[PDB]
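Reviewing the structure listed below.
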Amino acid sequence: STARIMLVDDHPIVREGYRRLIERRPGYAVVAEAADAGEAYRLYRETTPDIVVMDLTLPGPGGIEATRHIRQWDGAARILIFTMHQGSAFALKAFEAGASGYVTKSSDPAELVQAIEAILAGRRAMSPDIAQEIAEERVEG
């Protein structure tokens with residue numbers, strides 16, 4: 001049940017912590033690591049991974065701008081925004097931009113791999129806290 005992944009985070013050591021987390025789910029290989037949007041686009045084109053995982057916040061343009069760029073080149077691109085920032089604000093955006101998942105970094109660690117798992121399954125991934133915020137906002141809307 002296999003997969004190649006790209007990580008785009010400007011936090012070189014946390015990035016590594018998350019690589020090691022992702023790779024405990026066997027079959028999953030983190031195949032390119034990027035530190036900003038530019039390097040991301042480049043490496044996407046040249047490894048065309050099964051899924052990219054990106055911060056929302058990047059030195060330069062962030063994951064949402066990043067996501068547009070990549071989708072413009074590859075409309076089927078699977079991107080998971082993974083972030084510390086929350087609020088149905090940004091996730092709606094991220095979504096309207098093409099992201100297939102928006103997960104928060106203080107959710108239960110497991111979230112990350114699950115999300116990746118579900119996106120590859122072909123579904124849209126949302127940690128609880130953001131699902132709650134969006135739903136909660138549709139409810140009083």
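Naming scheme: A, B, ... for chains in displayed order of the structure tokens; residues 1 onward per chain; ligands 1 onward as shown.
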Stretch 68-72 of chain A environment, 12 Å, only C-alpha atoms, sequence neighbours closer than 6 positions dropped, as a list in words = residues 37, 38, 39, 40, 41, 42, 43, 44, 45, 48, 49, 51, 52, 54, 61, 62, 78, 79, 93, 94, 95, 96, 97, 98, 99 and 100 of chain A
Any chance you could export the current selection's N, CA, C and O atoms as a tab-separated table (two decimals), in the first residue's frame?
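selection-v7.tsv, freshly written:
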```tsv
chain	number	residue	atom	x	y	z
A	37	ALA	N	8.74	27.91	-0.93
A	37	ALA	CA	7.85	27.62	-2.05
A	37	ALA	C	8.61	27.35	-3.33
A	37	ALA	O	8.20	26.48	-4.12
A	38	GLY	N	9.66	28.13	-3.56
A	38	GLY	CA	10.36	28.04	-4.82
A	38	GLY	C	10.89	26.63	-5.03
A	38	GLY	O	10.57	25.96	-6.06
A	39	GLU	N	11.70	26.20	-4.04
A	39	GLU	CA	12.37	24.92	-4.00
A	39	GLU	C	11.27	23.86	-4.08
A	39	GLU	O	11.44	22.77	-4.61
A	40	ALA	N	10.09	24.19	-3.64
A	40	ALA	CA	9.03	23.19	-3.68
A	40	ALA	C	8.54	22.90	-5.10
A	40	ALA	O	8.55	21.78	-5.58
A	41	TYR	N	8.09	23.94	-5.78
A	41	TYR	CA	7.78	23.87	-7.18
A	41	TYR	C	8.86	23.13	-8.00
A	41	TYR	O	8.56	22.34	-8.88
A	42	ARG	N	10.13	23.43	-7.73
A	42	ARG	CA	11.20	22.87	-8.51
A	42	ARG	C	11.11	21.36	-8.32
A	42	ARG	O	11.06	20.59	-9.25
A	43	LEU	N	11.04	20.94	-7.08
A	43	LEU	CA	11.26	19.53	-6.78
A	43	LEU	C	10.06	18.76	-7.07
A	43	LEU	O	10.14	17.58	-7.16
A	44	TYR	N	8.94	19.44	-7.17
A	44	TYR	CA	7.69	18.78	-7.50
A	44	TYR	C	7.84	18.27	-8.92
A	44	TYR	O	7.78	17.08	-9.17
A	45	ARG	N	8.05	19.21	-9.82
A	45	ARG	CA	8.43	18.94	-11.19
A	45	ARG	C	9.48	17.86	-11.32
A	45	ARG	O	9.41	17.06	-12.22
A	48	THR	N	7.90	14.66	-8.83
A	48	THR	CA	6.44	14.50	-8.97
A	48	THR	C	5.93	13.45	-7.97
A	48	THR	O	5.52	12.38	-8.41
A	49	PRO	N	5.96	13.76	-6.63
A	49	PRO	CA	5.57	12.84	-5.58
A	49	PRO	C	4.07	12.61	-5.49
A	49	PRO	O	3.26	13.32	-6.10
A	51	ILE	N	2.30	12.95	-2.98
A	51	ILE	CA	1.61	13.86	-2.08
A	51	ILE	C	2.65	14.74	-1.51
A	51	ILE	O	3.75	14.26	-1.12
A	52	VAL	N	2.32	16.03	-1.45
A	52	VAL	CA	3.21	16.96	-0.77
A	52	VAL	C	2.58	17.46	0.51
A	52	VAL	O	1.39	17.71	0.54
A	54	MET	N	2.95	20.50	3.35
A	54	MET	CA	3.50	21.91	3.36
A	54	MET	C	3.08	22.76	4.57
A	54	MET	O	1.92	22.67	4.97
A	61	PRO	N	6.48	33.25	-0.17
A	61	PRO	CA	5.10	32.82	-0.32
A	61	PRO	C	4.80	31.58	0.53
A	61	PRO	O	5.70	30.72	0.77
A	62	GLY	N	3.56	31.42	0.94
A	62	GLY	CA	3.34	30.28	1.83
A	62	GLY	C	2.64	29.17	1.13
A	62	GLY	O	2.66	29.13	-0.08
A	78	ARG	N	-1.84	16.41	-5.22
A	78	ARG	CA	-2.33	16.24	-3.88
A	78	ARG	C	-1.45	16.98	-2.81
A	78	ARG	O	-0.37	16.48	-2.42
A	79	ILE	N	-1.92	18.13	-2.32
A	79	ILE	CA	-1.21	18.84	-1.26
A	79	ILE	C	-1.90	18.85	0.10
A	79	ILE	O	-3.09	19.17	0.17
A	93	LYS	N	-9.58	28.92	2.37
A	93	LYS	CA	-8.71	29.41	1.34
A	93	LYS	C	-7.94	28.24	0.73
A	93	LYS	O	-7.96	28.03	-0.52
A	94	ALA	N	-7.27	27.48	1.62
A	94	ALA	CA	-6.29	26.51	1.27
A	94	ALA	C	-7.09	25.67	0.41
A	94	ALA	O	-6.66	25.34	-0.69
A	95	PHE	N	-8.30	25.32	0.87
A	95	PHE	CA	-9.14	24.43	0.03
A	95	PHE	C	-9.48	25.04	-1.32
A	95	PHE	O	-9.39	24.37	-2.33
A	96	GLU	N	-9.82	26.32	-1.34
A	96	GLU	CA	-10.38	26.92	-2.54
A	96	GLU	C	-9.17	26.92	-3.47
A	96	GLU	O	-9.32	26.75	-4.68
A	97	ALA	N	-7.97	26.96	-2.89
A	97	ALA	CA	-6.76	26.90	-3.71
A	97	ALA	C	-6.41	25.54	-4.26
A	97	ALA	O	-5.48	25.45	-5.05
A	98	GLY	N	-7.05	24.46	-3.86
A	98	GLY	CA	-6.59	23.13	-4.35
A	98	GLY	C	-6.01	22.14	-3.34
A	98	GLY	O	-5.78	20.98	-3.68
A	99	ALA	N	-5.76	22.58	-2.10
A	99	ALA	CA	-5.23	21.70	-1.09
A	99	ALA	C	-6.24	20.62	-0.86
A	99	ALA	O	-7.41	20.86	-0.80
A	100	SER	N	-5.81	19.39	-0.66
A	100	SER	CA	-6.77	18.35	-0.39
A	100	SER	C	-6.85	18.05	1.07
A	100	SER	O	-7.54	17.17	1.49
```
Using only C-alpha atoms, which residues sit within 10 Å of stretch 101-109 of chain A once same-chain residues fewer than 2 positions away are excluded, as a CSV table (one decimal) with N, CA, C and O atoms, in the first residue's frame?
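The new file part_23.csv reads:
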```csv
chain,number,residue,atom,x,y,z
A,18,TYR,N,9.2,15.2,11.7
A,18,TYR,CA,8.0,14.8,11.0
A,18,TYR,C,8.4,13.8,10.0
A,18,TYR,O,7.6,12.9,9.7
A,21,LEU,N,8.4,10.6,11.7
A,21,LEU,CA,7.0,10.2,12.1
A,21,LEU,C,6.3,9.6,10.9
A,21,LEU,O,5.8,8.5,10.9
A,53,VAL,N,3.4,17.5,1.6
A,53,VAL,CA,3.0,18.1,2.8
A,53,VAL,C,3.7,19.4,3.1
A,53,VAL,O,4.9,19.5,3.3
A,54,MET,N,3.0,20.5,3.3
A,54,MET,CA,3.5,21.9,3.4
A,54,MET,C,3.1,22.8,4.6
A,54,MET,O,1.9,22.7,5.0
A,55,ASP,N,4.0,23.6,5.1
A,55,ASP,CA,3.5,24.6,6.1
A,55,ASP,C,2.5,25.6,5.4
A,55,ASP,O,2.4,25.7,4.2
A,56,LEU,N,1.8,26.3,6.2
A,56,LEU,CA,1.0,27.4,5.7
A,56,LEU,C,2.0,28.6,5.6
A,56,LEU,O,1.8,29.5,4.8
A,78,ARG,N,-1.8,16.4,-5.2
A,78,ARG,CA,-2.3,16.2,-3.9
A,78,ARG,C,-1.5,17.0,-2.8
A,78,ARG,O,-0.4,16.5,-2.4
A,79,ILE,N,-1.9,18.1,-2.3
A,79,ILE,CA,-1.2,18.8,-1.3
A,79,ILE,C,-1.9,18.8,0.1
A,79,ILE,O,-3.1,19.2,0.2
A,80,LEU,N,-1.2,18.5,1.2
A,80,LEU,CA,-1.7,18.6,2.5
A,80,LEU,C,-1.1,19.8,3.3
A,80,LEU,O,0.0,19.8,3.5
A,81,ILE,N,-1.9,20.8,3.5
A,81,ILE,CA,-1.4,21.8,4.4
A,81,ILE,C,-1.3,21.3,5.8
A,81,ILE,O,-2.3,20.7,6.2
A,82,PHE,N,-0.2,21.5,6.4
A,82,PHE,CA,0.1,21.0,7.8
A,82,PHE,C,0.6,22.2,8.5
A,82,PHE,O,1.7,22.7,8.2
A,83,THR,N,-0.1,22.6,9.6
A,83,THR,CA,0.2,23.9,10.1
A,83,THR,C,-0.1,24.1,11.6
A,83,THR,O,-0.8,23.4,12.2
A,84,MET,N,0.4,25.2,12.1
A,84,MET,CA,0.2,25.5,13.5
A,84,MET,C,-0.9,26.5,13.6
A,84,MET,O,-1.6,26.7,14.7
A,85,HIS,N,-1.2,27.1,12.5
A,85,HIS,CA,-2.2,28.2,12.4
A,85,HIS,C,-3.6,27.5,12.2
A,85,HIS,O,-3.7,26.5,11.6
A,86,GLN,N,-4.6,28.2,12.7
A,86,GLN,CA,-5.9,27.6,12.6
A,86,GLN,C,-7.0,28.6,12.2
A,86,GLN,O,-6.7,29.7,12.0
A,87,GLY,N,-8.3,28.1,12.2
A,87,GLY,CA,-9.4,29.0,11.9
A,87,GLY,C,-9.9,28.8,10.5
A,87,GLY,O,-9.2,28.7,9.6
A,88,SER,N,-11.2,28.6,10.4
A,88,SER,CA,-11.7,28.2,9.1
A,88,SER,C,-11.4,29.2,8.0
A,88,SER,O,-11.5,28.9,6.8
A,90,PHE,N,-8.3,30.3,6.9
A,90,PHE,CA,-7.2,29.8,6.1
A,90,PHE,C,-7.5,28.5,5.5
A,90,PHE,O,-7.0,28.1,4.4
A,91,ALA,N,-8.2,27.6,6.2
A,91,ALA,CA,-8.4,26.3,5.6
A,91,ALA,C,-9.3,26.5,4.4
A,91,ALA,O,-9.1,25.9,3.3
A,92,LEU,N,-10.4,27.2,4.5
A,92,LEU,CA,-11.3,27.4,3.3
A,92,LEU,C,-10.4,27.9,2.1
A,92,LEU,O,-10.5,27.4,1.0
A,94,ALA,N,-7.3,27.5,1.6
A,94,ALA,CA,-6.3,26.5,1.3
A,94,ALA,C,-7.1,25.7,0.4
A,94,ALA,O,-6.7,25.3,-0.7
A,95,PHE,N,-8.3,25.3,0.9
A,95,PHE,CA,-9.1,24.4,0.0
A,95,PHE,C,-9.5,25.0,-1.3
A,95,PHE,O,-9.4,24.4,-2.3
A,98,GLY,N,-7.0,24.5,-3.9
A,98,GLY,CA,-6.6,23.1,-4.3
A,98,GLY,C,-6.0,22.1,-3.3
A,98,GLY,O,-5.8,21.0,-3.7
A,99,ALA,N,-5.8,22.6,-2.1
A,99,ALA,CA,-5.2,21.7,-1.1
A,99,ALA,C,-6.2,20.6,-0.9
A,99,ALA,O,-7.4,20.9,-0.8
A,111,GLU,N,-2.7,12.4,13.5
A,111,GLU,CA,-3.4,13.1,12.5
A,111,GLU,C,-2.7,13.1,11.1
A,111,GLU,O,-3.3,12.9,10.0
A,112,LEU,N,-1.4,13.5,11.2
A,112,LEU,CA,-0.6,13.7,10.1
A,112,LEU,C,-0.7,12.4,9.2
A,112,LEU,O,-1.2,12.5,8.1
A,113,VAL,N,-0.4,11.2,9.8
A,113,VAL,CA,-0.3,10.1,8.9
A,113,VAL,C,-1.7,9.7,8.4
A,113,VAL,O,-1.9,9.6,7.2
A,114,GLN,N,-2.6,9.6,9.3
A,114,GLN,CA,-4.1,9.5,8.9
A,114,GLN,C,-4.5,10.4,7.7
A,114,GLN,O,-4.9,9.9,6.6
A,115,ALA,N,-4.3,11.7,7.9
A,115,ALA,CA,-4.6,12.6,6.8
A,115,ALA,C,-3.9,12.2,5.5
A,115,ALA,O,-4.5,11.8,4.5
A,116,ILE,N,-2.5,12.1,5.5
A,116,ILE,CA,-1.8,11.6,4.4
A,116,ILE,C,-2.5,10.3,3.8
A,116,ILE,O,-2.7,10.1,2.5
A,118,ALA,N,-5.7,9.1,4.1
A,118,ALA,CA,-7.0,9.5,3.5
A,118,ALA,C,-6.9,10.2,2.3
A,118,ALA,O,-7.9,10.1,1.5
A,119,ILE,N,-5.9,11.1,2.1
A,119,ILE,CA,-5.8,11.9,0.9
A,119,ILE,C,-5.5,11.0,-0.2
A,119,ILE,O,-6.1,11.0,-1.4
A,123,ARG,N,-9.7,10.9,-0.4
A,123,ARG,CA,-10.6,11.8,0.4
A,123,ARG,C,-9.9,13.1,0.8
A,123,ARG,O,-8.7,13.3,0.7
A,124,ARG,N,-10.7,14.0,1.4
A,124,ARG,CA,-10.2,15.3,1.8
A,124,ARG,C,-9.9,15.3,3.3
A,124,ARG,O,-10.8,14.9,4.1
A,125,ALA,N,-8.8,15.7,3.8
A,125,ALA,CA,-8.4,15.5,5.1
A,125,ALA,C,-8.4,16.8,5.9
A,125,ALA,O,-7.9,17.8,5.5
A,126,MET,N,-9.0,16.7,7.1
A,126,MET,CA,-9.3,17.8,8.1
A,126,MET,C,-9.1,17.3,9.5
A,126,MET,O,-9.8,16.4,10.0
A,127,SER,N,-8.1,17.7,10.2
A,127,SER,CA,-8.2,17.4,11.6
A,127,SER,C,-9.5,17.9,12.3
A,127,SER,O,-10.2,18.8,11.7
A,128,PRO,N,-9.9,17.3,13.4
A,128,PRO,CA,-11.1,17.6,14.2
A,128,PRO,C,-11.2,19.1,14.5
A,128,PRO,O,-12.2,19.7,14.3
A,129,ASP,N,-10.1,19.6,15.0
A,129,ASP,CA,-10.3,21.0,15.5
A,129,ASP,C,-10.7,21.9,14.3
A,129,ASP,O,-11.5,22.8,14.5
A,130,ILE,N,-10.3,21.7,13.1
A,130,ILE,CA,-10.7,22.6,12.0
A,130,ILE,C,-12.0,22.2,11.5
A,130,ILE,O,-12.8,23.1,11.1
A,131,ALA,N,-12.3,20.9,11.4
A,131,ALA,CA,-13.7,20.5,11.0
A,131,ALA,C,-14.7,21.1,11.9
A,131,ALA,O,-15.7,21.6,11.5
```
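Distance-wise, atom CA of residue A:5 and atom CA of residue A:133 end up 28.0 Å apart.
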Residue set, stretch 19-122 of chain A restricted to strand (DSSP E), as an NGL selection string = :A and (28-34 or 51-54 or 79-83 or 101-104)
Residues of stretch 11-84 of chain A in alpha helix (DSSP H) according to DSSP, as number ranges by chain?
-> A: 12-22, 37-45, 63-73
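Rounded to one decimal, atom CA of residue A:2 and atom CA of residue A:27 lie 4.5 Å from each other.
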Which residue gives the smallest distance to residue A:67 among A:22, A:8, A:14, A:89, with only C-alpha atoms counted?
-> A:8
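As for atom CA of residue A:57 and atom CA of residue A:9, they are spaced 8.3 Å apart.
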